[PDB]
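Chains as they are written, first to last, in PDB author numbering: chain F, 76 to 146; chain I, 4 to 57; chain C, 1 to 383; chain E, 39 to 97; chain H, 9 to 93; chain G, 2 to 125; chain P, 114 to 224; chain D, 85 to 328. Right, one structure below, let's go through it.
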Amino acid sequence: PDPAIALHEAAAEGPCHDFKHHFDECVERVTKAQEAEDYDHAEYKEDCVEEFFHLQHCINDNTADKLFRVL
Amino acid sequence: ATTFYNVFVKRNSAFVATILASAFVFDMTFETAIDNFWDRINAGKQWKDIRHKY
Amino acid sequence: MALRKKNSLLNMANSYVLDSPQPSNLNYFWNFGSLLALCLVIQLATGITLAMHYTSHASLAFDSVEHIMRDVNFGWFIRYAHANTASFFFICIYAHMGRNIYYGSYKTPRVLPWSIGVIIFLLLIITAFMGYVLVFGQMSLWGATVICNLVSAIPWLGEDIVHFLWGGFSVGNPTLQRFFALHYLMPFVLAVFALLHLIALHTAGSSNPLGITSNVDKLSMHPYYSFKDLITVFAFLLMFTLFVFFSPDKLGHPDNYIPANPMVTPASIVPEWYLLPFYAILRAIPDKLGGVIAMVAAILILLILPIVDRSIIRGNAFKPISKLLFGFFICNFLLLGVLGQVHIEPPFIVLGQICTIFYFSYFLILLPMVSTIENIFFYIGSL
Amino acid sequence: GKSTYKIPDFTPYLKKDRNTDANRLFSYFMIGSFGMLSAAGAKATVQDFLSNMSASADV
Amino acid sequence: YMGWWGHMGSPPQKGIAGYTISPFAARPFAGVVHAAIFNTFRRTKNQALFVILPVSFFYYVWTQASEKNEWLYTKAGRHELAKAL
Amino acid sequence: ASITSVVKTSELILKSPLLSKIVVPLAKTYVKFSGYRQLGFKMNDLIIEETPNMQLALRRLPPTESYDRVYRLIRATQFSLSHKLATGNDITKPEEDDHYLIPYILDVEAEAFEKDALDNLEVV
Amino acid sequence: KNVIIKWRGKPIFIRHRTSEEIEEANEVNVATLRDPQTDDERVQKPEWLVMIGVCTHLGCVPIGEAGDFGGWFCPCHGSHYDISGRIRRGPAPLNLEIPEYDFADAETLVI
Amino acid sequence: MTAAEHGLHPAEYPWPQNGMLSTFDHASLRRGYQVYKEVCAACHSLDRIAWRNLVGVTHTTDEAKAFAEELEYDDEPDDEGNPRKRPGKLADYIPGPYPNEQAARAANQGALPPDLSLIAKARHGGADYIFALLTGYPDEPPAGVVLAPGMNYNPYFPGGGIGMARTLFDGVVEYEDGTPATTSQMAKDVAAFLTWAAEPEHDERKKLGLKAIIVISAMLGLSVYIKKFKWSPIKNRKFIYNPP
Ligand code: HEC
Ligand code: HEM
Ligand code: HEM
Ligand SMILES: CCCCCCCCCCCCO[C@@H]1O[C@H](CO)[C@@H](O[C@H]2O[C@H](CO)[C@@H](O)[C@H](O)[C@H]2O)[C@H](O)[C@H]1O
Ligand SMILES: CCCCCCCCCCC1=C(C)C(=O)C(OC)=C(OC)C1=O
Ligand code: FES
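Structure (structure tokens):
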């Protein structure tokens, strides 16, 4: 299988754990907010792109070299 | 040194002839040297290295 | 009498490149003149070569540049050499202008070579702008559009002039073919003005870093400056090599590898880096015509340096306050450059306006004040 | 200071073997090498550059 | 303001004796190591403030501006961005 | 700016006790940081000379002053091209930094400015 | 929805404006408008905003639906056009030009 | 601008060709061609590449002629002036999947797949962007993202919504050299191949650059010696002044 799957998972649980938790908490909040009614007629709809970027940027920093080493 | 000066350097005609002949030799040898060096540092990567499979 | 002096033709060469009497103390900042001549020669050689393979018709232009890259022997080299040397031409011209401003080269008796110089700078900008359009990628097309619409700011006839410069109602084939012809011509015009500013300079000779006369102590141009020029020629060629062979696209915009599309406007249209400070100055003024005036004035204001510099002493070598002011002026010019390529967003909008005010206040307020005060300090200080 | 027949001190710069053929030959070796690389570099430049005018790959 | 060899436009010179030695008689790189270290240090030390002060000021200005701009376009900076526009 | 201007303004400052108290120390430090003395120059050696007025003033210098100026210019040019500073007696001491040229240029300019005035006289 | 038709190399924005969009456009007091015009002067048919989609500042094409007046936003220098395609904010001096267009049928317009 | 509007910036991967002295790995180039041919070529053209371009880079003359000869190209009209087809030659360009933009957009829910001949030069990031994009489709879009119809979430793409779906899955290609075709492997190979397509002079350019660096450096060293040699009489000049 794709080596990246394992490397990415390892990096999320390990060096990028703070960011993983931030993204998770964000998702929880947003899903809950979407669950609540009159969400469609709200001014500000929060997303989790920011937290996702912080996590992905982190995973990539801890993985890029390792991945290319096994291809 | 006197001899070398007198033969290759003193006359400008001789000096320019020596410089151009040296340039010719340098050009040919440097080409060959770089070719070999380039092939060693990029070993197994070039078409010439995989061509034999096809 | 030696033939080099006797024969009128040889004597003209002799007077410029051999017997020409130079100050004996020119520093390495006097080497940009010959680097600029080198860039001009490289651009002529590569440019004429590209013209042998390029097609100016809008249906073929972008493809003809790809043909040069892919099929023409060493076409990649000639293309990258031409494109990168355009950047080096601006590095050298900013250095040369920087040298001239720091050392007071614009003061009497060198007002005329300086004023011709300002025109050379305008011709370089126009040459480089038109050359960039020739690729007919996305940045090419939109660059032309926006810059050729600065003429619309001219009242009454402005819009008519724009259509006249386009040869239609938008940037298209007529514009591309005319830019090819003018891009070919402009470097010859530029070479003539470069020759004119040297002839004008020859009446006073070169200034020098101390700002005093060199009439007391002259050195022949050859062999001293010939061999000193070789050092910077090889330093230049090293820089050239690193860009052309190892990083040929570092100074460019990826969007110019997309063919021009009149419908889609690219996400961000910025000029080539060397035009960025003038573009920032334009953005600073909200008014269209205001912005255009400011942008042109930013170049033409160089013509008043001879007047606003009130110093009794030429150049900044011995003027600590002028040196500090010059440092701030140069760094502000670089900040303007950076602000030319940021998004039009807070807080860069106001910052661009402050930097624009500082740019103009150097010429109009600070240099006249500082130069007046330093005059007084030299006199009182040495009593 | 005053006498113009007392030559200023040039000992920090003077070579002892200044009149020898070996001394001159060295400096001509440097000049010659420079001329040689300039010749080889010009030849390479001219050959590669002019080759653009030979039939391109598509032709 | 400039003449030519023989009539350059110098005031009359008298009383100066000039001396030099042949390029072949001299060591071209004499004292190079001392120059490269001590001379360059002196020349650099004396000019350092004229470079450091403007560079550091404009770098600080840029740093502040770019950091604010980055912050304004985050979620946290929503309100301050709304006011700024 | 004309030497006349610079001299007149300086004299207004030197007159005012308050002004001189604050300007004279600044001017002395300016001169120290300027560092022209470290190339063996006198202040007046730095004044732009490529003007009719200054050429005339220089022609009116006494021959000895003129010969010494030539030497200081040549010496400073040699320090410049060598990237060295003056040492010892080549450094201009503050007591040697005399305004040898200022009187000559002030006379040349006096006449030049009077000529301009009188070219615009109106019989009353 | 807003369409983009090439006409003399320039883009033509054709928007099929809804009822409430037309209403939104007819609100702004003409007084406060760099280029004072009402939608009635611009369109000959309230349901067909036909404009030359070139920004009146320097000549980029505004990204539609974006803006601050929710019509068109020129990304180049940040000028905001309306649902009438009137200039509201930014360096642009004039409202987005209207071509000469006629409804031959009620289902086809010529430009 | 928001980070979303910019797109996430790709990691810097250690490509074989990164390095002043490094060529492409030609075995990777060959594998990348196979990914292009079997996956991308369904939607994307490679119009600037001719069959002759593969020869001595990725394929032998015979293999490339075989690829060309399998296709039909427009010939010159026959003697009655009727259209004719011919088999392909090495001079022919690799043919695209669609006759025009309209056909391309119709097949891709309105989106136009760009030609890939220059894509590595036409995007910030080059190979890293291509690799990051192809391998960076999350299983689920971040909570709160509203995708437009026909769009797929990919953080590397500016705005996040790209009209191209994920296409590389483990084992969509069977490499002819026995290499395991994982998503990562295929993305690496095809990114390398596309980088080659954008800059095929790459290998020769860097070797000539090495030669230039060496010669020019030597000339710079010698020019410094010669300058110092010639200038020494001026630098070493001494004066004695006796005031008249
Ligand atoms: C069946 C359709 C399809 C397949 C298969 C496909 N693509 Fe695409 N691709 C698209 C479409 C549609 C776009 C345009 C997306 C957009 O602009 O929203 C696109 C865009 C791209 C872009 C540029 C994105 C940008 O920055 O504009 C690259 C690079 C790309 N594709 C490469 C590939 C590679 C490499 C492969 C396979 C190995 C591939 N594509 C397979 C349909 C496809
Ligand atoms: C193609 C562009 C140019 C070329 C080839 C060129 C070339 C030269 C050369 C060879 C010199 C004499 C040596 C030197 O001082 O470096 C010189 C001096 C000068 N140039 Fe330029 N120049 C160009 C553009 C400009 C520009 C844009 C300006 C002014 C805005 C300018 C103003 C001057 C001045 C004032 C001098 C005299 C400086 C001095 O020696 O004190 N030049 N130029
Ligand atoms: C001062 C001299 C010159 C400057 C500063 C200059 C600048 C430029 C620039 C910036 C480009 C765009 C390059 C790119 O990104 O691809 C260009 C392209 C071009 N220039 Fe010039 N140029 C000069 C002289 C010439 C001359 C004399 C010719 C003679 C015809 C010429 C012919 C071309 C051609 C054909 C192109 C288009 C092909 C291409 O983009 O490479 N140039 N030039
Ligand atoms: C820069 C590339 C080399 C080519 C030369 C550039 C072409 C420009 C030359 C034509 C302009 C006229 O150039 C003019 O020529 C004459 C003689 O030639 C010079 O005259 C100078 O040298 C001669 C002897 O060398 C003396 O008689 C004269 O006293 C002195 O002023 C002028 O100072 C110069 O301004
Ligand atoms: C005296 C002025 C000389 C001509 C200057 C023209 C080149 C720089 C102009 C600026 C510019 C403007 C105004 C501009 O608006 C623009 O943004 C879209 C650019 O990118 C095409 C530009 O380059
Ligand atoms: S180009 Fe439309 S806002 Fe300036």
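Here a beta-carbon is modelled for each residue, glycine too, at the ideal position from N, C-alpha and C.
Residue pairing by DSSP places residue 219 (chain C) opposite C:22 in a beta bridge.
The DSSP-derived three-state label of residue 93 (chain D) is coil.
For residue 190 (chain P), the chain C residues whose C-beta falls within less than 8 angstroms of its own C-beta are 283, 344, listed in chain order. Shown here, residue 317 (chain D) sits in a helix according to DSSP, grouped into three states. For residue 187 (chain P), the shortest separation between its Cβ and any heavy atom of ligand 1 does not lie below 6 angstroms.
Under the criterion of beta carbons closer than 8 angstroms, residue 224 (chain C) and residue 314 (chain D) qualify as touching, at roughly 7 angstroms.
Close to residue 110 (chain D), with beta-carbon spacing below 7 angstroms, are these residues of chain I in chain order: 48, 49, 50, 53. Leaving aside the five residues that flank residue 116 (chain D) on each side, the residues in its chain whose CB is nearer than 6 angstroms to its CB run, in chain order, 273, 274, 276, 277.
Straight-line measurement puts the Cα of residue 46 (chain C) at about 33 angstroms from the Cα of residue 331 (chain C). Note on residue 40 (chain I): under 16 other CB atoms within 10 angstroms of its CB, so exposed under the neighbour-count rule. The three-state secondary structure of residue 129 (chain P), taken from DSSP, is strand. Just so you know, the alpha carbons of residue 23 (chain H) and residue 68 (chain G) end up roughly 8 angstroms apart.
Taking each of P:204, P:172, P:197 in turn and checking the Cα distance to residue 133 (chain P), the smallest one comes out for P:197. For the set D:238, D:311, D:134, D:170, the Cα lying nearest the Cα of residue 93 (chain D) is the one of D:238.
Cβ proximity to chain C below 9 angstroms picks out 24, 25, 27, 28, 29, 30, 31, 32, 33, 34, 35, 36 from the region 22-36 of chain G.
Excluding residues up to 5 positions away in sequence, 152 lie with their Cβ nearer than 8 angstroms to the Cβ of residue 159 (chain C) in the same chain.
Neighbours of residue 323 (chain D) across chain G, judged by C-beta separation under 8 angstroms: 72, 75, 76, 79.
In the three-state reduction of the DSSP assignment, residue 216 (chain P) falls in the strand class. In terms of Cα proximity to residue 137 (chain F), the closest of D:110, D:264, D:97 is D:97. When C-beta distances to chain E are compared with 9 angstroms, the residues of the region 27-55 of chain H below that value are 27, 28, 29, 30, 31, 32, 33, 34, 35, 36, 38, 39, in chain order. Between residue 77 (chain F) and residue 254 (chain D), the C-beta spacing is below 7 angstroms. By a beta-carbon distance limit of 8 angstroms, residue 128 (chain C) contacts residue 272 (chain C). Their separation comes to about 7 angstroms.
When Cβ-Cβ separations below 7 angstroms define contact, residue 228 (chain D) makes contact with chain F.
Fewer than three beta-carbon pairs drawn from the region 69-79 of chain C and the region 101-110 of chain C are found closer than 8 angstroms, and the two stretches are therefore not classed as touching. Excluding its 5 nearest sequence neighbours in each direction, residue 186 (chain C) has C-beta neighbours in its own chain below 8 angstroms: 123, 126, 127, 130, listed in chain order. In the DSSP assignment, residue 45 (chain E) falls outside any beta strand (DSSP E) and carries neither an H nor an E. When H:11, H:38, H:90, H:65 are compared, the shortest CA-CA separation from residue 119 (chain F) is found for H:90. At least one heavy atom of ligand 2 is found less than 6 angstroms from the C-beta of residue 121 (chain C). Distances from the CB of residue 15 (chain C) to the heavy atoms of ligand 4 include at least one below 6 angstroms. Boundaries of the beta strand (DSSP E) around residue 325 (chain D): 322-325. A contact between stretches requires three or more CB pairs, one per stretch, nearer than 8 angstroms, and the region 239-252 of chain D fails this requirement with the region 162-182 of chain D. Ranked by Cα distance from residue 260 (chain C), the options D:267, D:195, D:206 are led by D:206.
Assignment of residue 27 (chain C) by DSSP, reduced to helix, strand and coil, places it in the coil class. Within the region 123-192 of chain C, the runs of alpha helix (DSSP H) at least 4 residues long that lie entirely inside it are, in chain order, 138-147, 158-166. Cβ neighbours of residue 113 (chain D) within its own chain (closer than 7 angstroms, five residues either side excluded): 141, 142, 276, 277, 280. The region 92-108 of chain F makes no contact with the region 207-218 of chain P: fewer than 3 CB pairs, one atom from each, lie closer than 8 angstroms.
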